[PDB]
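Colleague: Quick one, fold the following:
(chains A, B, C, D, E, F, G and H)
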Amino acid sequence: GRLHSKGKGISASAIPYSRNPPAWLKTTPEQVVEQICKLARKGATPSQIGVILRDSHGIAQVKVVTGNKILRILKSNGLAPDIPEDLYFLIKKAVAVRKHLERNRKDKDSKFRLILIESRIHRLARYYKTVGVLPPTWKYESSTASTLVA
Amino acid sequence: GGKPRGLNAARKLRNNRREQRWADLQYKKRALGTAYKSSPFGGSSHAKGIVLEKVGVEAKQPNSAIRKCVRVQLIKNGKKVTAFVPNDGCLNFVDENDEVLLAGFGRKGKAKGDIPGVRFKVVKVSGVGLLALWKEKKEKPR
Amino acid sequence: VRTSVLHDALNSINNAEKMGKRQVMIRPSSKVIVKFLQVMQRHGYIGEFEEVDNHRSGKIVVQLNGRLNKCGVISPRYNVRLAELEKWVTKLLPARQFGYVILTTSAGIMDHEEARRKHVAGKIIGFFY
RNA sequence: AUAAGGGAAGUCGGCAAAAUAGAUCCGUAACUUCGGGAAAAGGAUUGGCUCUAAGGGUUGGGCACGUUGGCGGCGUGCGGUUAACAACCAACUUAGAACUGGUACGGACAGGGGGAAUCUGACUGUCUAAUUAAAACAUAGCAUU
RNA sequence: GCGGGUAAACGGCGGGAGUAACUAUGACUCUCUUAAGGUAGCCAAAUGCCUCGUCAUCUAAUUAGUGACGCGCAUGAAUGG
RNA sequence: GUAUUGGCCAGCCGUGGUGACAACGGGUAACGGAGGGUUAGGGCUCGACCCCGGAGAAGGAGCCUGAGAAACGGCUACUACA
RNA sequence: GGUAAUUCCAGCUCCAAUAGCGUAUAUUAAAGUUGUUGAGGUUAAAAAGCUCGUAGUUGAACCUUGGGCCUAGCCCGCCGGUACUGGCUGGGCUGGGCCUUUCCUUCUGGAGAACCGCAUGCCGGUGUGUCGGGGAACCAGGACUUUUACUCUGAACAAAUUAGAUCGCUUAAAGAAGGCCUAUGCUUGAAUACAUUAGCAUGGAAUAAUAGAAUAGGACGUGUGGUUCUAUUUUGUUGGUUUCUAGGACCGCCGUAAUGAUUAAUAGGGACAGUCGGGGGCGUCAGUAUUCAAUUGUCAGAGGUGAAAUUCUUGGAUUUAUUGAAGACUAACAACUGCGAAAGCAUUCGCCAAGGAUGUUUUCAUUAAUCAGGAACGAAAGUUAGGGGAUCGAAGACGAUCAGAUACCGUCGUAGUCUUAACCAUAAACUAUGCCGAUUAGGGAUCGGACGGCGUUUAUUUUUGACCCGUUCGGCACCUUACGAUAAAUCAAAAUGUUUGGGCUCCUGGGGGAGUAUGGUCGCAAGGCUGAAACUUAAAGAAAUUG
RNA sequence: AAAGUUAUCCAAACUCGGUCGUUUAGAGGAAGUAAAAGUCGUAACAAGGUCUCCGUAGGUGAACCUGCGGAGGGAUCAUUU
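Modeller: Residues are numbered from 1 along each chain as shown, chains lettered A, B, ... in the order given. There you are, the coordinates:
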């Protein structure tokens, strides 16, 4: 029911039964791409760009109007990041707790909690390599993990 | 309940059976071969021995009697055991130094009835057999 | 997690028959279940079944006509010879004169008493009577 | 200083003497305060002569299309990285092979005998100059006023 | 002088009668005596007279050596075990 | 070198080979198989022994004759018996 | 069996098998007490203290179905006739051909039928003939095709043994013989099936895996340059040379095309938004109470028990008031209420990192479940060095009770109880109930989030807060009932199990000996982990009923 | 062309050490099981007369006591502003 917990949740998002853009939008696909690229240039990430595009003006679901996904669009325009978002975000958590442990040496629970993050990181990295997204020698040395972040 | 059931999982089923097989008592005594090493009889059915003395054995609680046992030393190994004469008034047919033949009680190691701790019984004496003397169909050699 | 949708569907059907209802829902759709339902339907053990549709796995709804008993499934896909079928029909069937074991062959998902006629064999999936 | 055969049978007691001994290569137990025991125990080689191999330094390349200077030095601008070359200079240490001898070769000097246990002091150290160097004294550790 | 404290202060740490289904001994009991009556450990030991104690091992032969036994003339806990 | 291939052997040169899918080692009152005993189906257990294959002639090694032997109702030496 | 023996020793009578019966040891069925089919794990023997994770096992849905014609072989129903014969436009089952976007690779050679035109001939046709033109069945030869698992059919594979056909050795176990008339003779059998794993061919294409075009390094062309190599037989013969020509490798321009990417799982991960919690760490704030100390005031016994007694007192006990110090702990609110993987966690504020549920027309796209060895945390007691040492309090000393009392009752009191830096890794670590997933019955309470609604309440008010009614998601629990389960007690799981198979890990096999001995390994030690045998025994044990 | 003889090779057999495996002798020590009539107490089963049991630590002729932290398999499913 959940990877690393004892509880189950079903707070998902239901996708409508309509593969046609609402008529009132009346927006062409050609103009859609530039604003997406605009936010990526200012420094945003594919996940968060969608919520502004959805909230601020018009398109609820990019796929129907465009025919392709945000990452697919970005990859063909050479703005795709080197390391996939899911792997990147996890690392950001692991580094911060490490800094906490060196000052607070008696925080036993976080030591247990820390075990979870890289175990998730290791499990996710294995899949990326066997499909061909990551080079087959990437290893995530716990020492230099900071360099990977930036 | 709790077995492995997959199609490519014959190895686990074989391993568990061979391991859990040892908790059985009947099978385990055969594999280790304790009877051959330990039992006074080296896996055989009968044996011959020489008589040392005659002893009386007291019965257990509900009964009360003297069970009239005998002391024997085997020729194969030279160990000494106790044997139950199994008839009525036969202690007048066995004397000292008479080279008797022994069998078991048919309980496969444990003691039968009330006699506290004897696992064998005399079948022959001077090669004549007990029942022959009892029904006076023969005579002992002189 | 879900590992045998065919077993899940059959289990739901059995509950209704022993409780006496006339309707069951089936959440995951697949060719194997839908063809499995047809083999009973050609013998009358079930009634009319409706397939809904959405861009997803897809639900199914059939209404139970009664006159149906235990219908199970064998989870480990065994290998059956054409000679070792009398063993299986002796194994799990109330009687010889009726009941059906269902196989999968290269000629399609089908049952015995015709596999004997067509001289075919394959793997076992279930049974119903 | 040396002695045939025996090898502690001598004597309170192996007292005195003999035996092992350098270097290179193998192998090394119980026990333990895991640092030791350990050169444990126990084995093999060692000359002469003729050869072979390995372990370095210094100086040039280094080009072209001009330049100031008495063939050459600097101040240029470029390129180019010899599957690395050529000349000269200098001691020793290590390894391998053949031949050879009355089978000998750390040829003199120099140069540990070893093992299984018991009593007693933890260890390095100190004292009766001129009969006793020890189990005696001292020591770090512990405790008391 | 009378009354309390103090043993890693000096030192000390016993005798006598009955008894369990052969016997034998005495867990247990009764009794005298003072401040308490040798606990954990160890042994013919550099500490044991009787003594060349008794048993095993080492030798052809051992008052010597080692391992056990313990009513120990007269072992024993910082006079440290 | 053998009747012939082969790390079978002699020289020079590389650093490899097997393993939790159980290597290496230890036990077997263990010659292997065709097969015997008992049964709903699935099995459990035995197999020195009349047929096929392997090894041995007290224990080890060495050899002559011949197409074929490391032979033993053939020889040589040691061990243990006699 | 203890003086009338249903059981000993004897006579009579009777029972079972019978030329055989008894006894001992080994093995099989009985044994669903080894359990893949097919066995237990709340209390009877047994779910590791809890979580992470590698070998190993198992893994959501989705890509050619349907319809329209023709034909064959076989069974049943029907009619009728003589076991035999024909018929139904009979009903079916198996198979083979075409059409619907689907048909089914290709080259060379062989012989040759049906359909076609000729005439010698007969009754709209045929042998005619070295007459000739098509596309197709077979054979031979060559080239091309995702790979394993699975199933069908073939080949090959001792004799004896197993099942099994035939023959009156006088029958049978056996044997492979024999049979007919009259015969100088004739005639037969010595069959058949299986083994089943591995290897060799063939048909099938569901089921379970695996690869293909995404920075196009993609497919095709008798379009068209190019640069490289190989070289038949023909020009009398040989050698060398060349043009054309045949083939192969690499690489450009142009043309052809619907030019190449599955859903977004009541699978999983991550991002985002407002909340939520006695989850954790570091610092910091506050609170009485206990003990001691100082100041202050008086006058006799005070403490303690079922009742006594130790101990303390005019150097004033006990009691009263103000002030100070030390250490531990956060009462009442506090509950069938919360959080955490468990052990556990309750005073304020500040800092630091973390988490579930909810909301969501954001994002990736199978990335998942459980885990032998392996690893992190792990109450209390205990160990090694410091600090601190208020209160309680192992060991111990005294006072009582008691025949004794090394205890239960009382006064003190050392280690310890607290903390810092390191060890130990066991508990009735209990829900005596492993983890993931699906279905199954009614109800009212309760915690967190969201949604809808008439009202009330008091707010620089109105939105909101708070109270009421209802719906929904996720938790800690409870009440009635059994359609179900169990031996029962009881259970919404301990159900969906003789009508037995969703996936994965661990543990037990009558009671003792025994969590002992020996070996290995971790630890300063106490000890932890792994873990037998000899021997002994007919009962130990669970739930419920009557006394 | 025999005896003999020089240098390699295959090698039985013997001596000494090391390691592994099997059988077995022993002064003495510490146990467990059975046969019970003995002897000393009464720990457990009732609120067994101090509720029982678990982990740990110390002590005591013996069953056993006490301290700290747990459990009910208890002698309580339950007490109101």
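Colleague: Helices along chain B, start to end?
Modeller: The residue ranges that make up the helices of chain B, judged by DSSP state H, are B:10-20, B:25-32, B:34-38, B:130-134.
Colleague: For residue A:59, grab the count of nearby residues.
Modeller: Close neighbours of residue A:59, defined as other C-beta atoms under 10 Å in any protein chain shown, add up to 21. C-beta: built from backbone N, CA, C; applies to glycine.
Colleague: So which of the helices of chain B is the most surrounded?
Modeller: helix B:130-134 (a mean of 16; mean count of other C-beta atoms under 10 Å in any protein chain shown).
Colleague: mind putting the helices of chain B in a markdown table, distance to RNA strand H included?
Modeller: Converted to a markdown table, the helices of chain B look like this (distance: least, C-beta to the nearest atom of the strand, whole Å):
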| stretch | distance to RNA strand H |
| --- | --- |
| helix B:10-20 | 22 |
| helix B:25-32 | 12 |
| helix B:34-38 | 7 |
| helix B:130-134 | 28 |
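Colleague: for these, which one sits closest to RNA strand F?
Modeller: Comparison of the helices of chain B against RNA strand F by C-beta to the nearest atom of the strand identifies helix B:34-38 as nearest, at 5.2 Å.
Colleague: Look up the closest residue to residue C:63, ignoring the ones flanking it.
Modeller: residue C:23 (4.7 Å; C-beta to C-beta, 6 or more residues apart in numbering or on different chains).
Colleague: How about the contacts made by that neighbour?
Modeller: C:16, C:61, C:62, C:63, C:64 (C-beta atoms under 8 Å, 6 or more residues apart in numbering or on different chains).
Colleague: for the residues you listed, which one is nearest residue B:47?
Modeller: For the contacts of residue C:23, the residue nearest residue B:47 by C-beta to C-beta is residue C:16; the value is 72.4 Å.
Colleague: quick one: secondary structure of the closest one?
Modeller: Three-state assignment for residue C:16 (DSSP: H, G, I helix; E, B strand; the rest coil): helix.
Colleague: any idea how far whichever residue of chain A sits closest to RNA strand F lies from residue A:82?
Modeller: Nearest residue of chain A to RNA strand F: residue A:130, at 16.8 Å (C-beta to the nearest atom of the strand). Residue A:130 sits at a distance of 18 Å from residue A:82 (criterion: C-beta to C-beta, to the nearest Å).
Colleague: distance of the residue most central in space within chain B from residue B:134?
Modeller: Closest residue to the average C-alpha location of chain B: residue B:104 at 3.6 Å, with C-alpha atoms, centre = their mean. Distance, residue B:104 to residue B:134, by C-beta to C-beta: 21 Å.
Colleague: now do residue A:57
Modeller: For residue A:57, the distance to residue B:134 - C-beta to C-beta - is 119 Å.
Colleague: mind listing the strands for chain B?
Modeller: For chain B, the strands defined by DSSP state E cover B:47-55, B:69-74, B:80-84, B:100-104, B:120-125.
Colleague: quick one: the fourth one to strand B:80-84, angle?
Modeller: Calculated by axes from the mean of the first three to the mean of the last three C-alpha atoms, to 10 degrees, strand B:100-104 forms an angle of 80 degrees with strand B:80-84.
Colleague: do the same with the longest one
Modeller: Using the same axes, to 10 degrees, one finds that strand B:47-55 and strand B:80-84 are set 80 degrees apart in direction.
Colleague: cool, the second one as well?
Modeller: If you take the same axes, to 10 degrees, strand B:69-74 sits at 140 degrees to strand B:80-84.
Colleague: Distance from the chain centre to strand B:69-74, please.
Modeller: Centroid separation between strand B:69-74 and its chain, computed with C-alpha atoms, centre = their mean, to the nearest Å, is 13 Å.
Colleague: Send me that strand as CSV with only the CA atoms.
Modeller: Presented in CSV, the C-alpha positions along strand B:69-74 are these (Å, rounded to 0.1, in the frame of the first residue of the first chain):
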residue,chain,number,x,y,z
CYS,B,69,16.4,-63.0,35.8
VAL,B,70,19.9,-64.2,34.7
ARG,B,71,23.3,-62.6,34.0
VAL,B,72,25.0,-63.2,30.6
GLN,B,73,28.1,-62.0,28.7
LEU,B,74,28.1,-62.0,24.9
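Colleague: Can you tell me the SS state at the residue of chain C most remote from its centre?
Modeller: Distance from the centre of chain C peaks at residue C:55, with 25.4 Å (C-alpha atoms, centre = their mean). Following three-state DSSP, the label given to residue C:55 is coil.
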